[PDB]
């Protein structure tokens, strides 16, 4: 096929849904080394990378995105921008695109959600899983109490089966 299944994905995510230090322990290898050295601080694309590597849709070794390797010798994309581009290059057209996104807009659907917007100086946005009610971490949709200065402008969703 082409995309992982939702329950698998949600579980793998549960495995990496911890601090970035933990994510580093877990994956180890160069991912770990870069996390320990303080080079990677945002673990969001690492987790999404892990989810794809753990559900039988591995990031290819020759994929045109910046990646480093883990203990498992699999590959982890470490930039949010590269992670987001990777989703569209590797899964095709999304099923949903929404300007000024809030939870109600994604109701009754499920899978990988991307929220882009301004206010984070280190991240164009956020990539996470959405189960039709909540995200596997934080959605950062309109009014999320963890947004801070982040104003979400577009949300896009690829449905997972």
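Residue numbers count along the first chain shown, from 1.
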property: Entries skipping residue 153: at least a third of other ones; result: no
property: No coordinates for residue 142 in a third or more of the other PDB entries; result: yes
property: Mean C-alpha temperature factor, higher of 107 to 115 and 53 to 61; result: 53 to 61
property: C-alpha B-factor winner, where the candidates are 125, 37, 101, 92; result: 92
property: Modelled-residue ranking by C-alpha temperature factor, third containing residue 96; result: middle
property: Within-chain third of residue 44 by Cα B-factor, per the entry; result: lowest
property: B-factor third for the C-alpha atom of residue 16 within its chain; result: middle
property: CA B-factor placement of residue 153, once the chain's modelled residues are sorted into thirds; result: lowest
property: Chain thirds of CA B-factor: placement of residue 31; result: middle
